[PDB]
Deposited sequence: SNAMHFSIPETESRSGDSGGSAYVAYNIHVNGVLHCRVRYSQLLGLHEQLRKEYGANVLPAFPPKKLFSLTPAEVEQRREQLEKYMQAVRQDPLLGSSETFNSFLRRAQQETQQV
């Protein structure tokens, strides 16, 4: 069970998303990383397979916007993880493993 219950400000300061698994901190990542993840999965699997990725914004996000993006990334990651093909990919899992190492 993936969740993203919280964001943090880190640093050139940026918003980090604290991805949890079964309520336990797994990894911290920024939007740009999840975007790159999505783009690579799209390259590998061809699109009509992935959920829509929460889109780039042209202005710094308000707190409301951050909260919205957090909720959407949370559902996106859940959806990908629950997909047999996507959720089983080495691209998805190696990303998570490395993000976890860097977080830990």
The deposited sequence goes unmodelled at 1-4, 16-20, 114-115
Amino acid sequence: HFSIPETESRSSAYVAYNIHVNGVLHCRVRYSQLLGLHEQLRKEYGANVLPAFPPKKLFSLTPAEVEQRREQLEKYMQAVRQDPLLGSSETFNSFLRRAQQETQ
From here on, numbers count along this sequence of modelled residues.
Per the PDB record, is the mean Cα temperature factor higher over 59-67 or over 44-52? 44-52
May I ask you to compare 12-20 and 86-94 by their mean CA B factor in the entry and name the higher one? 86-94
